[PDB]
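Listed next as structure tokens is one chain, alone, in the form deposited in one PDB entry.
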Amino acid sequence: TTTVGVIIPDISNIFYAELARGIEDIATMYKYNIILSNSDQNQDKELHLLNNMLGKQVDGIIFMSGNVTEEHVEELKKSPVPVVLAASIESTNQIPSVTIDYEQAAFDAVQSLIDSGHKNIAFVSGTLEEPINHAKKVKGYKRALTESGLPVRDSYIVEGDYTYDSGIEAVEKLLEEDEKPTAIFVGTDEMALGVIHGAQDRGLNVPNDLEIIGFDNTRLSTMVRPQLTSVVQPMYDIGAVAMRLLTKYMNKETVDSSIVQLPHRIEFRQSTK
């Protein structure tokens, strides 16, 4: 029989949680047995999980993390069993990875903010260190302002950390600036509920005083008020392809396209005029 192993950053964190559920759902389709494991997002535990999973002998690994290092693409290269990344980037493009066009998405995201007539837009993203941010999402966000004749302010990109509280912190200062960012884009639902509450905890009204678009599209996007607009990341699908992609790599077959991208979109809601 076959038992695949998934490994994520925060078993709690709604996104990896939901995503993980999907794999469960999809594994019950195939007749696979899922094995989860946490890394709290520190390479060591990640790299050692590559060893704990093998020692617990599992057919394939569905790796997950907002940061894949040089040592990963390397240590993982000789990994005993097949492995495909899920919803995660790997700048070297050597590792199999099924995801979305984060870069483009960030763009749809702020082109509509301009469709609305917003001129100076701000950006609250996770830790700039990680790849998805500094080289995919920030870019898409500049793609727009730059292409759509609009000064790329530097004070309009704020250092985040994925904490609802952190989110709250970003908007405090974004409101400090002489210019009032009448439209913020936040690369995460978690932080969005932070931004939304922050501007409200201070008196501003969303979306009549400050638009807000987030990422992931999680249950958290319908649990705010105004319900939040999130870029939709095809959860079930990502997990869905990622699984048959692996099934292929475990059947020692050939993968024509190893780095697959799925289509994204933007669900609009009461958090935007």
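A residue's number is simply how far along the shown sequence it sits, counting from 1. The term rigid core refers to the maximal set of C-alpha atoms that superpose within 1.5 Å between the two forms.
Trainee: Given the B-factors recorded for C-alpha atoms, which segment has the greater mean, 248-256 or 261-269?
Mentor: Higher mean C-alpha B-factor: 248-256.
Trainee: Report the stretch with the higher mean CA temperature factor, choosing between 61-69 and 237-245 on the basis of the entry.
Mentor: Result of the comparison: 61-69.
Trainee: Among 108, 103, 75, 190, which residue carries the highest C-alpha B-factor recorded in the PDB entry?
Mentor: In this record, 75 carries the highest C-alpha B-factor of the candidates.
Trainee: Among 197, 180, 137, 118, which carries the highest Cα B-factor?
Mentor: Result of the comparison over 197, 180, 137, 118: 180.
Trainee: Can you tell me whether residue 144 has a C-alpha B-factor in the lowest, middle or highest third compared with the other modelled residues of the same chain?
Mentor: It belongs to the middle third of the chain when residues are ordered by C-alpha B-factor.
Trainee: By the record's CA B-factor, is residue 56 among the lowest, middle or highest third of residues in the chain?
Mentor: Its C-alpha B-factor belongs to the highest third of this chain's values.
Trainee: Mind checking which third residue 224 falls in for C-alpha B-factor across the chain?
Mentor: Bottom third by C-alpha B-factor.
Trainee: Using the B-factors in the PDB entry, rank residue 96's C-alpha atom against the chain and give the third, lowest, middle or highest.
Mentor: Its C-alpha B-factor, which the entry lists for residue 96, ranks in the lowest third among residues of this chain.
Trainee: For the chain shown, is the CA B-factor of residue 89 in the lowest, middle or highest third of its modelled residues?
Mentor: It belongs to the middle third of the chain when residues are ordered by C-alpha B-factor.
If you look for the form deposited in another entry, you will not find it shown, but the lines that follow are about it.
Trainee: Once you line up the core, how about residue 105: does its CA shift reach 2 Å between this form and the one not shown?
Mentor: No, because once the rigid core is superposed, the C-alpha of residue 105 moves less than 2 Å between this form and the one not shown.
Trainee: With both forms fit on the core, is the shift of the CA atom of residue 82 between this form and the one not shown 2 Å or larger?
Mentor: The answer is yes; the displacement is at least 2 Å.
Trainee: When you overlay the rigid core, is the Cα of residue 247 off by 2 Å or more between this form and the one not shown?
Mentor: After core superposition, the displacement of the residue 247 C-alpha between this form and the one not shown reaches the 2 Å mark, so yes.
Trainee: Once you compare with this form, do the C-alpha atoms of residue 98 and residue 45 lie closer or farther in the other form, given a change of 3 Å or more?
Mentor: Distance between the C-alphas of residue 98 and residue 45: shorter in the other form, by 3 Å or more.
Trainee: Might you say whether the CA atoms of residue 134 and residue 43 end up closer or farther apart in the other form than in this form? Their distance differs by 3 Å or more.
Mentor: Compared with the shown chain, residue 134-residue 43 is farther in the other form.
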